[PDB]
């Protein structure tokens, strides 16, 4: 039985009931939460917390409950994301080839906003430019679809004005890049801003005067 991509709101509330029953009897959180009464597929506690977050977000934004609660974040099909990228930039099979094509064709532009519809950002990418958050969210699925491990790192970097800037880039491992056995903070830097703005090579952050780790993943403001 495939672990489900989403479950009914009915099922989600039943999971919450079983979660609370376990806490009631045992005085602590369960490590996993079974999707259905009686056993079978289960999600980790981390994943269940993600599910509650999505329910909360939907309820806040829409003032009603969702019918459907996603177990993992909805995404367009990976082969399409890769094919659309290839349509724009040409053929590529490695993260190093992709970086080279990006460096020759894509542009960087700062803008807060964060809305990254792939088709939309694909066009802005080669015209006005995109920011590093849209860049990271556009390129992570393509590079994963080539077979690489990718993790979005939130950092502070110090630039040639000697000022610190918050910044996101990709940490990439697998194939020709860093060994996935390394800690993620030692994977290869794949930085859309190095490629399109500051002209630094694959492996180098966009600014060279200092780097500090802030966190993993993109902070979604609430």
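Residue numbers count along the first chain shown, from 1.
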Worksheet item: Between 6 to 14 and 206 to 214, which has the larger average Cα B-factor in the PDB entry?
Response: 206 to 214
Item to complete: Averaging only over Cα atoms, indicate whether 98 to 106 or 113 to 121 has the higher B-factor in the PDB entry.
Response: 113 to 121
Item to complete: Would you mind finding, among 78, 143, 71, 135, the residue with the largest C-alpha temperature factor in the entry?
Response: 78
Worksheet item: Between 46, 176, 191, 61, which carries the biggest CA temperature factor in the record?
Response: 61
Discussion item. How does the C-alpha B factor of residue 65 compare with the rest of the chain: lowest, middle or highest third?
Written reply: middle
Response to the item:
Quick tally, chain-level thirds of C-alpha B-factors: residue 161 sits in the highest
Worksheet, complete the sentence: Of the three thirds of the chain ranked by Cα temperature factor, residue 28 occupies the lowest
Item to complete: Relative to the other modelled residues of the same chain, rank the CA B-factor of residue 53 and answer lowest, middle or highest third.
Response: middle
Worksheet item: Taking the entry's C-alpha B-factors for this chain, is residue 197 in the lowest, middle or highest third?
Response: highest
